[PDB]
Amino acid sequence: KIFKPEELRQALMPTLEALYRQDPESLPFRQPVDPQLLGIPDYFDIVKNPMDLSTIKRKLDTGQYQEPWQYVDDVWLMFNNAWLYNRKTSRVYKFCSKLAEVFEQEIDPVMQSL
């Protein structure tokens, strides 16, 4: 099945909207991690392929995803990076987990019906 970008946007955008609707949980994920601003010079030692909601949104908006799995991969990349870098005791890690739960719940029926 070849998907039109507009069909992908239509189908997938609500799952991204669900992530943004999580407040305050999505707030650390809405822009790329800035290690200079945050004083964390080892961030890019640990995280080689950064990802965040703004990047995912731009890619969906501009039709960069050919297939739904590619979107799903970038969402999980974002989550995996945050789980890798941050300690499980941290607020950011727990918020990562909350967003991943919401994502799993929302993406499931969407993938089925694609």
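If you superpose the two forms and keep the largest set of C-alpha atoms that fall within 1.5 Å, you have the rigid core. Position 1 is the first residue in the sequence shown; the rest follow in order.
Inset, instruction - Figure out for me whether 69 to 77 or 37 to 45 is the more displaced stretch in 8 other deposited structures of this protein, taking RMS C-alpha distance from the shown form once the rigid core is superposed. - result: Looking at 69 to 77 and 37 to 45 in 8 other deposited structures of this protein, the bigger mover is 37 to 45.
Legend entry - Comparing 91 to 99 with 10 to 18, the one whose average Cα B-factor in the PDB entry is higher: If you average the C-alpha B-factors of 10 to 18 and of 91 to 99, the larger mean comes out for 10 to 18.
Inset, instruction - Using the B-factors recorded in the PDB entry, average over the C-alpha atoms of 28 to 36 and of 74 to 82, then report which stretch comes out higher. - result: Result of the comparison: 28 to 36.
Legend entry - CA B-factor placement of residue 61, once the chain's modelled residues are sorted into thirds: Its C-alpha B-factor, which the entry lists for residue 61, ranks in the middle third among residues of this chain.
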